[PDB]
Amino acid sequence: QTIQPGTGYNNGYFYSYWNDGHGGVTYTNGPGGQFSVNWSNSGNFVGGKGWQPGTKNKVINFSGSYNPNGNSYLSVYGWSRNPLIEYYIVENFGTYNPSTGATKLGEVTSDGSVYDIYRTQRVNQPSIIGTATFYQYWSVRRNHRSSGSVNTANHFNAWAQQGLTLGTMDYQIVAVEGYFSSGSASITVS
């Protein structure tokens, strides 16, 4: 059930699989909300299941295993149009804290941990509307985990209070992203 890069629907859930074409990634869709990624000396990829379009008060449940060997994240990942924003709610990462070198814009408590909030910018990088310059919003969990519940309303409200405004919501998935690393992960979304 391993597939090419692309999006669509599998077992009622929206999925989005993408990579830079380097190779070494194997993304598979499972039953219901299950999806599995296995990669060894890969390029950069983003894959996972969720909802298209996402909403601003959804409660997202994820469970399974996540074992990275290198640079990788596990997060609630999505975009917003107008303004163009790429947002992460990082639950667990590998060898690199994605917020390293980013300015901290506050904290929020949700689902049993404290999240630190950051903003970064991507200049002329690819996006859901083509090459653009856009901001990234990060909610990085302190107590890492590979299963549990995410109340996005807590993060989206905390972001709004600090001056980080989301526009119209695009896709919103539980994604495994990995940049030139190895690992395996099997996540079930609900």
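Residues numbered from 1 in each chain as written, not as in the entry; some residues may be left out. Heavy atoms only, no water.

As recorded in the PDB entry, the protein chain goes by the name Endo-1,4-beta-xylanase 2, listed as coming from Hypocrea jecorina. For this entry, the PDB title field holds "MicroED structure of xylanase at 2.3 A resolution". UniProt's Pathway comment on the protein chain is quoted here verbatim: "Glycan degradation; xylan degradation." The protein chain has a UniProt comment under Subcellular location that states "Secreted". (UniProt positions renumbered as here; feature names shortened; annotations may be inferred.)

A. Region of the structure containing the pattern of salt bridges. Applying the stated criterion across every chain, the model contains 6 salt bridges. One network of salt bridges, with partners in common, ties together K104, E107, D116 and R142. (Salt bridge = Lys/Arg side-chain N within 4 Å of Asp/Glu carboxyl O.)

B. Here's a closer look at the packing of aromatic side chains. All chains considered together, the criterion is met by 17 aromatic pairs. Note on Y87 and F156: the rings are 5.1 Å apart at their centroids and 85° apart in plane angle, and the pair reads as edge-to-face. One end of the pair, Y87, is in strand β8 (residues 85-93); the other, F156, is in helix α1 (residues 152-161), and 69 residues separate them in sequence. For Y87, a relative accessible area of 0% corresponds to the buried category. Put simply, the rings of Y9, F14, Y73, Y77, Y88, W138 and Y171 touch in pairs and so form one group of aromatic residues. For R119, the ring lying beneath its charged end belongs to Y135, and the centroid distance is 4.4 Å. (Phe/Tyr/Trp six-rings, centres within 6.5 Å; stacked < 30°, edge-to-face > 60°. Helix = DSSP H or I, 4+ residues; strand = E, 2+ residues; numbered from the N terminus. Buried < 20%, exposed > 50% of the residue type's maximum accessible area, 1.4 Å probe, protein only. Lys NZ or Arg CZ within 6 Å of the ring centre and 35° of its normal.)

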